[PDB]
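What follows is the content of my_file15.txt (compact mmCIF, N, CA, C and O atoms and all ligand atoms).
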# COMPACT_ATOMS: atom_id res chain seq x y z
N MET A 1 -7.44 38.07 -17.76
CA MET A 1 -7.20 39.24 -16.90
C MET A 1 -7.75 38.98 -15.51
O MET A 1 -7.06 39.18 -14.51
N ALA A 2 -9.00 38.55 -15.44
CA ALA A 2 -9.59 38.19 -14.17
C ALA A 2 -9.07 36.83 -13.79
O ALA A 2 -9.44 35.82 -14.40
N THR A 3 -8.21 36.80 -12.82
CA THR A 3 -7.56 35.58 -12.43
C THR A 3 -8.47 34.77 -11.46
O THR A 3 -8.28 34.77 -10.25
N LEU A 4 -9.53 34.21 -12.03
CA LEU A 4 -10.46 33.39 -11.29
C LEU A 4 -9.68 32.20 -10.78
O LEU A 4 -9.03 31.49 -11.57
N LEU A 5 -9.68 32.00 -9.49
CA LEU A 5 -8.85 30.99 -8.87
C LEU A 5 -9.42 29.61 -9.24
O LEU A 5 -10.58 29.32 -8.96
N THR A 6 -8.62 28.83 -9.92
CA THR A 6 -9.04 27.52 -10.36
C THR A 6 -8.57 26.44 -9.40
O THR A 6 -7.87 26.73 -8.42
N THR A 7 -8.91 25.19 -9.70
CA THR A 7 -8.48 24.07 -8.90
C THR A 7 -6.95 23.95 -8.98
O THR A 7 -6.28 23.66 -7.98
N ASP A 8 -6.40 24.25 -10.16
CA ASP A 8 -4.96 24.18 -10.39
C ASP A 8 -4.23 25.27 -9.62
O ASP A 8 -3.15 25.04 -9.09
N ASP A 9 -4.85 26.46 -9.53
CA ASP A 9 -4.23 27.57 -8.77
C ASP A 9 -4.25 27.23 -7.31
O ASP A 9 -3.27 27.44 -6.59
N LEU A 10 -5.37 26.67 -6.86
CA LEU A 10 -5.53 26.30 -5.46
C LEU A 10 -4.56 25.20 -5.09
O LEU A 10 -3.98 25.24 -4.03
N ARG A 11 -4.35 24.26 -6.01
CA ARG A 11 -3.43 23.14 -5.79
C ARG A 11 -2.02 23.67 -5.52
O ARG A 11 -1.25 23.06 -4.81
N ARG A 12 -1.70 24.81 -6.10
CA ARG A 12 -0.43 25.45 -5.84
C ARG A 12 -0.48 26.18 -4.50
O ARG A 12 0.23 25.85 -3.56
N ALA A 13 -1.40 27.14 -4.42
CA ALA A 13 -1.52 28.06 -3.28
C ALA A 13 -1.74 27.38 -1.93
O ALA A 13 -1.25 27.87 -0.90
N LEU A 14 -2.49 26.30 -1.94
CA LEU A 14 -2.77 25.56 -0.72
C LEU A 14 -1.43 25.03 -0.15
O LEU A 14 -1.15 25.15 1.05
N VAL A 15 -0.58 24.54 -1.05
CA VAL A 15 0.73 24.00 -0.69
C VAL A 15 1.67 25.12 -0.23
O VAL A 15 2.52 24.94 0.63
N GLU A 16 1.46 26.29 -0.79
CA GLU A 16 2.28 27.46 -0.50
C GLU A 16 2.01 28.02 0.90
O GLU A 16 2.72 28.91 1.38
N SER A 17 0.99 27.49 1.53
CA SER A 17 0.63 27.92 2.84
C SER A 17 0.87 26.80 3.86
O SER A 17 0.49 26.90 5.02
N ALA A 18 1.53 25.74 3.41
CA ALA A 18 1.86 24.61 4.27
C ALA A 18 3.35 24.39 4.22
O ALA A 18 3.92 24.24 3.15
N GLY A 19 3.98 24.41 5.36
CA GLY A 19 5.42 24.28 5.41
C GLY A 19 5.91 22.90 5.75
O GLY A 19 6.66 22.30 4.99
N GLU A 20 5.48 22.37 6.88
CA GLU A 20 5.98 21.08 7.36
C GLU A 20 5.09 19.96 6.94
O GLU A 20 5.39 18.78 7.11
N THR A 21 4.00 20.34 6.40
CA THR A 21 3.06 19.43 5.87
C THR A 21 3.31 19.33 4.38
O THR A 21 2.64 19.95 3.56
N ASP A 22 4.37 18.66 4.08
CA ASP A 22 4.76 18.44 2.74
C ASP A 22 4.69 16.98 2.45
O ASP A 22 5.11 16.16 3.26
N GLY A 23 4.11 16.65 1.35
CA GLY A 23 4.06 15.28 0.95
C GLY A 23 2.69 14.68 1.04
O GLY A 23 2.54 13.48 1.25
N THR A 24 1.68 15.49 0.90
CA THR A 24 0.33 15.02 0.90
C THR A 24 -0.07 14.64 -0.53
O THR A 24 0.80 14.50 -1.42
N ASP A 25 -1.33 14.45 -0.79
CA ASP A 25 -1.77 14.22 -2.15
C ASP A 25 -2.82 15.20 -2.46
O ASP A 25 -3.85 15.26 -1.79
N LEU A 26 -2.56 16.00 -3.43
CA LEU A 26 -3.47 17.01 -3.82
C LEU A 26 -3.68 16.88 -5.32
O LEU A 26 -4.10 17.81 -5.99
N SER A 27 -3.43 15.70 -5.85
CA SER A 27 -3.46 15.52 -7.28
C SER A 27 -4.54 14.55 -7.72
O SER A 27 -5.02 14.58 -8.86
N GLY A 28 -4.96 13.74 -6.81
CA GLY A 28 -5.97 12.75 -7.11
C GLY A 28 -7.34 13.22 -6.72
O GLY A 28 -8.03 12.55 -5.96
N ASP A 29 -7.73 14.37 -7.26
CA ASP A 29 -9.01 15.05 -6.97
C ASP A 29 -9.17 15.38 -5.49
O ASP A 29 -9.63 14.58 -4.68
N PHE A 30 -8.76 16.56 -5.15
CA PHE A 30 -8.82 17.00 -3.77
C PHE A 30 -9.98 17.95 -3.56
O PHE A 30 -10.25 18.37 -2.46
N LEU A 31 -10.68 18.25 -4.64
CA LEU A 31 -11.69 19.30 -4.64
C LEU A 31 -12.89 18.97 -3.73
O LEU A 31 -13.42 19.87 -3.06
N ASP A 32 -13.27 17.71 -3.68
CA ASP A 32 -14.38 17.27 -2.81
C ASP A 32 -13.88 16.48 -1.64
O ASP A 32 -14.67 15.88 -0.90
N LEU A 33 -12.58 16.47 -1.46
CA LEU A 33 -11.99 15.74 -0.38
C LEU A 33 -11.99 16.68 0.83
O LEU A 33 -12.17 17.88 0.66
N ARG A 34 -11.82 16.19 2.02
CA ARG A 34 -11.94 17.06 3.17
C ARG A 34 -10.56 17.51 3.60
O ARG A 34 -9.57 16.81 3.35
N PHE A 35 -10.48 18.67 4.24
CA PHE A 35 -9.19 19.20 4.71
C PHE A 35 -8.46 18.26 5.67
O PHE A 35 -7.24 18.25 5.73
N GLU A 36 -9.22 17.43 6.37
CA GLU A 36 -8.63 16.46 7.29
C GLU A 36 -7.91 15.34 6.51
O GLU A 36 -6.94 14.76 6.98
N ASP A 37 -8.39 15.06 5.30
CA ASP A 37 -7.84 13.98 4.50
C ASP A 37 -6.58 14.45 3.84
O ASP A 37 -5.62 13.71 3.68
N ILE A 38 -6.57 15.72 3.49
CA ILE A 38 -5.41 16.30 2.85
C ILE A 38 -4.39 16.80 3.88
O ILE A 38 -3.41 17.44 3.52
N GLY A 39 -4.59 16.42 5.14
CA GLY A 39 -3.67 16.75 6.22
C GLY A 39 -3.53 18.24 6.48
O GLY A 39 -2.43 18.72 6.72
N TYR A 40 -4.61 18.96 6.42
CA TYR A 40 -4.55 20.37 6.65
C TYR A 40 -4.92 20.76 8.04
O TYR A 40 -5.89 20.26 8.62
N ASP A 41 -4.11 21.63 8.58
CA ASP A 41 -4.28 22.12 9.92
C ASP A 41 -5.33 23.22 9.92
O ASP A 41 -5.74 23.72 8.86
N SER A 42 -5.69 23.63 11.07
CA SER A 42 -6.70 24.60 11.31
C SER A 42 -6.09 25.97 11.02
O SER A 42 -6.64 26.77 10.25
N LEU A 43 -4.89 26.19 11.55
CA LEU A 43 -4.17 27.44 11.39
C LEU A 43 -3.68 27.58 9.96
O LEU A 43 -3.70 28.68 9.39
N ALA A 44 -3.28 26.46 9.38
CA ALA A 44 -2.79 26.39 8.01
C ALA A 44 -3.81 26.92 7.03
O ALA A 44 -3.45 27.58 6.06
N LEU A 45 -5.08 26.67 7.29
CA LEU A 45 -6.12 27.13 6.40
C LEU A 45 -6.34 28.65 6.55
O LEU A 45 -6.56 29.34 5.57
N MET A 46 -6.20 29.16 7.78
CA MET A 46 -6.36 30.61 8.05
C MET A 46 -5.30 31.34 7.26
O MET A 46 -5.53 32.37 6.62
N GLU A 47 -4.14 30.76 7.32
CA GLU A 47 -2.97 31.17 6.62
C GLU A 47 -3.15 31.07 5.09
O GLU A 47 -2.84 32.02 4.38
N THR A 48 -3.68 29.95 4.63
CA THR A 48 -4.02 29.73 3.21
C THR A 48 -4.94 30.86 2.72
O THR A 48 -4.71 31.46 1.66
N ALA A 49 -5.95 31.14 3.51
CA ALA A 49 -6.94 32.15 3.19
C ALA A 49 -6.30 33.52 3.10
O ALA A 49 -6.45 34.20 2.09
N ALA A 50 -5.52 33.89 4.12
CA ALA A 50 -4.83 35.18 4.19
C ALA A 50 -3.90 35.37 2.99
O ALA A 50 -3.77 36.47 2.44
N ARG A 51 -3.25 34.28 2.60
CA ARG A 51 -2.36 34.25 1.45
C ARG A 51 -3.14 34.64 0.19
O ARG A 51 -2.72 35.52 -0.59
N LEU A 52 -4.27 34.00 0.01
CA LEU A 52 -5.12 34.22 -1.14
C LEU A 52 -5.73 35.62 -1.11
O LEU A 52 -5.80 36.29 -2.15
N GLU A 53 -6.13 36.06 0.09
CA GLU A 53 -6.69 37.40 0.28
C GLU A 53 -5.72 38.46 -0.22
O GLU A 53 -6.09 39.32 -1.02
N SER A 54 -4.48 38.35 0.21
CA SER A 54 -3.47 39.34 -0.09
C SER A 54 -3.00 39.26 -1.56
O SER A 54 -2.65 40.29 -2.17
N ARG A 55 -3.00 38.08 -2.14
CA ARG A 55 -2.56 37.94 -3.52
C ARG A 55 -3.63 38.37 -4.51
O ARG A 55 -3.37 39.17 -5.42
N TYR A 56 -4.84 37.89 -4.34
CA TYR A 56 -5.88 38.14 -5.32
C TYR A 56 -6.67 39.41 -5.03
O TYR A 56 -7.39 39.91 -5.91
N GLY A 57 -6.54 39.93 -3.82
CA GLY A 57 -7.24 41.14 -3.46
C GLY A 57 -8.66 40.86 -3.02
O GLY A 57 -9.62 41.37 -3.60
N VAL A 58 -8.79 40.01 -2.02
CA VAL A 58 -10.08 39.62 -1.48
C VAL A 58 -10.00 39.63 0.04
O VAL A 58 -8.98 40.06 0.60
N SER A 59 -11.03 39.17 0.70
CA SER A 59 -11.02 39.03 2.12
C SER A 59 -12.00 37.94 2.53
O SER A 59 -13.06 37.79 1.91
N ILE A 60 -11.62 37.16 3.52
CA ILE A 60 -12.44 36.11 4.08
C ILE A 60 -12.33 36.18 5.59
O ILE A 60 -11.21 36.25 6.13
N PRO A 61 -13.47 36.23 6.31
CA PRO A 61 -13.48 36.14 7.77
C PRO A 61 -12.77 34.85 8.21
O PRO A 61 -13.07 33.77 7.68
N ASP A 62 -11.86 34.96 9.16
CA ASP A 62 -11.00 33.83 9.54
C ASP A 62 -11.79 32.65 10.08
O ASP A 62 -11.39 31.50 9.88
N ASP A 63 -12.93 32.90 10.71
CA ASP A 63 -13.74 31.81 11.23
C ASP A 63 -14.42 31.06 10.09
O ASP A 63 -14.63 29.85 10.17
N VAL A 64 -14.67 31.75 8.98
CA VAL A 64 -15.35 31.15 7.83
C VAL A 64 -14.40 30.20 7.10
O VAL A 64 -14.82 29.25 6.43
N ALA A 65 -13.11 30.39 7.33
CA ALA A 65 -12.10 29.52 6.79
C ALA A 65 -12.17 28.18 7.48
O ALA A 65 -11.94 27.15 6.89
N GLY A 66 -12.54 28.21 8.75
CA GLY A 66 -12.67 27.00 9.51
C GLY A 66 -14.05 26.39 9.36
O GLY A 66 -14.33 25.32 9.88
N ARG A 67 -14.92 27.08 8.63
CA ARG A 67 -16.27 26.60 8.40
C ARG A 67 -16.35 25.76 7.14
O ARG A 67 -17.34 25.04 6.92
N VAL A 68 -15.33 25.84 6.31
CA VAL A 68 -15.32 25.07 5.09
C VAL A 68 -14.88 23.63 5.36
O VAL A 68 -14.15 23.36 6.33
N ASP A 69 -15.33 22.73 4.54
CA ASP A 69 -15.05 21.31 4.74
C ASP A 69 -14.18 20.82 3.63
O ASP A 69 -13.17 20.12 3.84
N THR A 70 -14.58 21.19 2.44
CA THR A 70 -13.92 20.79 1.25
C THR A 70 -13.34 22.03 0.55
O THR A 70 -13.90 23.14 0.65
N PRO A 71 -12.20 21.88 -0.15
CA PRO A 71 -11.51 22.97 -0.86
C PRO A 71 -12.40 23.77 -1.80
O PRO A 71 -12.17 24.97 -1.99
N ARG A 72 -13.44 23.14 -2.37
CA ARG A 72 -14.32 23.85 -3.31
C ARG A 72 -15.06 25.00 -2.62
O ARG A 72 -15.34 26.01 -3.24
N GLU A 73 -15.31 24.86 -1.33
CA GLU A 73 -16.02 25.87 -0.57
C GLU A 73 -15.11 27.06 -0.30
O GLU A 73 -15.53 28.21 -0.35
N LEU A 74 -13.84 26.76 -0.04
CA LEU A 74 -12.82 27.79 0.20
C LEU A 74 -12.64 28.57 -1.10
O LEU A 74 -12.59 29.80 -1.12
N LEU A 75 -12.55 27.82 -2.16
CA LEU A 75 -12.38 28.31 -3.50
C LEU A 75 -13.56 29.23 -3.87
O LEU A 75 -13.39 30.29 -4.50
N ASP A 76 -14.74 28.83 -3.43
CA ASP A 76 -15.98 29.56 -3.65
C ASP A 76 -15.95 30.89 -2.92
O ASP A 76 -16.44 31.90 -3.43
N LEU A 77 -15.35 30.89 -1.75
CA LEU A 77 -15.21 32.09 -0.94
C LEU A 77 -14.34 33.11 -1.67
O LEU A 77 -14.71 34.29 -1.77
N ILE A 78 -13.22 32.64 -2.19
CA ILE A 78 -12.29 33.48 -2.93
C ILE A 78 -12.98 34.08 -4.14
O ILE A 78 -13.15 35.30 -4.24
N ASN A 79 -13.40 33.21 -5.06
CA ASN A 79 -14.01 33.65 -6.31
C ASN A 79 -15.29 34.44 -6.08
O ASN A 79 -15.63 35.31 -6.87
N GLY A 80 -15.97 34.15 -4.99
CA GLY A 80 -17.16 34.89 -4.63
C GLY A 80 -16.84 36.35 -4.36
O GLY A 80 -17.44 37.24 -4.95
N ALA A 81 -15.84 36.57 -3.50
CA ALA A 81 -15.42 37.92 -3.15
C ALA A 81 -14.75 38.61 -4.34
O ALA A 81 -14.86 39.83 -4.52
N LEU A 82 -14.07 37.82 -5.15
CA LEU A 82 -13.41 38.28 -6.33
C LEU A 82 -14.44 38.79 -7.34
O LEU A 82 -14.28 39.85 -7.93
N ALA A 83 -15.53 38.05 -7.48
CA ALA A 83 -16.60 38.42 -8.39
C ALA A 83 -17.34 39.67 -7.90
O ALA A 83 -18.04 40.33 -8.67
N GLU A 84 -17.20 39.99 -6.61
CA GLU A 84 -17.76 41.20 -6.05
C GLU A 84 -16.88 42.40 -6.40
O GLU A 84 -17.36 43.52 -6.50
N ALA A 85 -15.60 42.15 -6.59
CA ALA A 85 -14.67 43.20 -7.02
C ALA A 85 -14.80 43.37 -8.53
O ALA A 85 -14.56 44.47 -9.07
N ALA A 86 -15.16 42.26 -9.19
CA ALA A 86 -15.46 42.18 -10.61
C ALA A 86 -14.26 42.53 -11.45
O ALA A 86 -14.27 43.57 -12.12
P1 LIG B 101 -9.09 24.64 14.36
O1 LIG B 101 -10.40 23.94 13.93
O2 LIG B 101 -8.11 23.82 15.28
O3 LIG B 101 -9.48 25.94 15.12
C1 LIG B 101 -8.39 26.86 15.50
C2 LIG B 101 -8.94 28.18 16.08
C3 LIG B 101 -7.75 29.08 16.39
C4 LIG B 101 -9.82 28.86 15.02
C5 LIG B 101 -9.82 27.95 17.38
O4 LIG B 101 -10.45 29.17 17.81
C6 LIG B 101 -9.04 27.35 18.57
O5 LIG B 101 -8.04 26.63 18.44
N1 LIG B 101 -9.51 27.68 19.75
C7 LIG B 101 -8.94 27.24 21.03
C8 LIG B 101 -8.50 28.40 21.93
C9 LIG B 101 -7.23 29.12 21.46
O6 LIG B 101 -6.86 30.19 21.99
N2 LIG B 101 -6.58 28.54 20.45
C10 LIG B 101 -5.37 29.05 19.83
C11 LIG B 101 -4.76 28.00 18.93
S1 LIG B 101 -3.46 28.50 17.75
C12 LIG B 101 -2.99 30.25 17.75
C13 LIG B 101 -3.68 31.21 18.71
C14 LIG B 101 -3.28 32.75 18.71
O7 LIG B 101 -3.86 33.47 19.53
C15 LIG B 101 -2.20 33.46 17.80
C16 LIG B 101 -1.41 32.64 16.78
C17 LIG B 101 -0.47 33.53 15.99
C18 LIG B 101 0.37 32.79 14.94
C19 LIG B 101 0.19 31.28 14.78
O8 LIG B 101 1.17 33.40 14.24
Translate this structure into structure tokens?
Amino acid sequence: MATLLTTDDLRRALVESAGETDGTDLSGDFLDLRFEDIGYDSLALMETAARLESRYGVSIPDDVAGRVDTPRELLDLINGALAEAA
């Protein structure tokens, strides 16, 4: 019932927020990899965040989206706010 955002969910959703950036690798452990390695833009991540905010019912300050380095931190932001909604 509580749709805790997993690595597999993120692997989908992250791609769902990238349009022209198709063809990266998000399958060979991207969780500790950096957004620069996975070819993610700055705006793309704001967008990724907003996507997740609106779907899961959370919120993340847009600057904090640019403060993350690795996807696990972004993921932490989501599930963190999600766990506050409980
Ligand atoms: P990232 O690490 O490249 O950082 C991006 C950003 C926007 C957080 C940062 O503040 C920045 O790029 N600052 C430079 C000054 C500036 O005004 N940048 C704008 C760049 S993109 C879009 C700006 C905007 O006002 C509206 C965009 C609306 C859309 C894309 O729909």
- Task: Write as a PyMOL selection string the residues around ligand LIG 101 (chain B), taking 7 Å as the cut-off and counting only N, CA, C and O atoms and all ligand atoms.
- Result: chain A and resi 41-43+62-63+66
- Item | Shortest interatomic distance to residue A:3 - which of A:39, A:49, A:79, A:84, counting only N, CA, C and O atoms |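 Under the stated criterion, the closest residue is A:79.
Minimum distance to residue A:77 across A:59, A:27, A:65, A:20 (counting only N, CA, C and O atoms) occurs at A:59.
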- Item | For residue A:9, the nearest of the candidates A:78, A:32, A:40, A:67, counting only C-alpha atoms |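 Distance minimum relative to residue A:9 lands on A:78.
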- Task: Taking the DSSP assignment computed from this structure's backbone, write out as an MDAnalysis selection string all residues of stretch 37-81 of chain A that belong to alpha helix (DSSP H).
- Result: chainID A and resid 42:56 62:65 71:81
- Pick out the closest residue to residue A:37 from this set: A:16, A:69, A:22, A:76. Count only C-alpha atoms.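 So, comparing all the options, the nearest one is A:69.
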- Residue with the minimum atom-to-atom distance to residue A:86, picked from A:31, A:50, A:18, A:58 with only C-alpha atoms counted, is A:58
Kindly provide, as JSON, the centre and edge lengths (Å, one decimal) of an axis-aligned box around all atoms of stretch 46-60 of chain A given in the file, with 8 Å on each side.
{"center_x": -7.7, "center_y": 35.3, "center_z": 1.1, "size_x": 26.7, "size_y": 28.2, "size_z": 30.0}
- Surrounding residues of residue A:51 excluding itself and chain neighbours under 6 positions, 7 Å, only N, CA, C and O atoms, as number ranges by chain: A: 13, 45, 57
Go ahead and write the residues just picked, N, CA, C and O atoms, as a CSV table (one decimal), in the coordinates of the input.
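Final file, selection_1.csv:
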chain,number,residue,atom,x,y,z
A,13,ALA,N,-1.4,27.1,-4.4
A,13,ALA,CA,-1.5,28.1,-3.3
A,13,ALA,C,-1.7,27.4,-1.9
A,13,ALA,O,-1.2,27.9,-0.9
A,45,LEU,N,-5.1,26.7,7.3
A,45,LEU,CA,-6.1,27.1,6.4
A,45,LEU,C,-6.3,28.6,6.6
A,45,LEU,O,-6.6,29.3,5.6
A,57,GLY,N,-6.5,39.9,-3.8
A,57,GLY,CA,-7.2,41.1,-3.5
A,57,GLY,C,-8.7,40.9,-3.0
A,57,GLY,O,-9.6,41.4,-3.6
- Residue with the minimum atom-to-atom distance to residue A:82, picked from A:56, A:11, A:47, A:30 with all atoms listed in the file counted, is A:56
- Query: Expressed in Å to a single decimal, how great is the separation between atom CA of residue A:21 and atom N of residue A:60?
  - Reply: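 Pair atom CA of residue A:21 / atom N of residue A:60 returns 23.1 Å.
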- Message: Just the number, please: distance in Å from atom CA of residue A:2 to atom CA of residue A:35, one decimal.
- Response: 26.8 Å
- Message: Report, in Å to a single decimal, how far apart atom CA of residue A:1 and atom CA of residue A:19 are.
- Response: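 The value is 29.7 Å.
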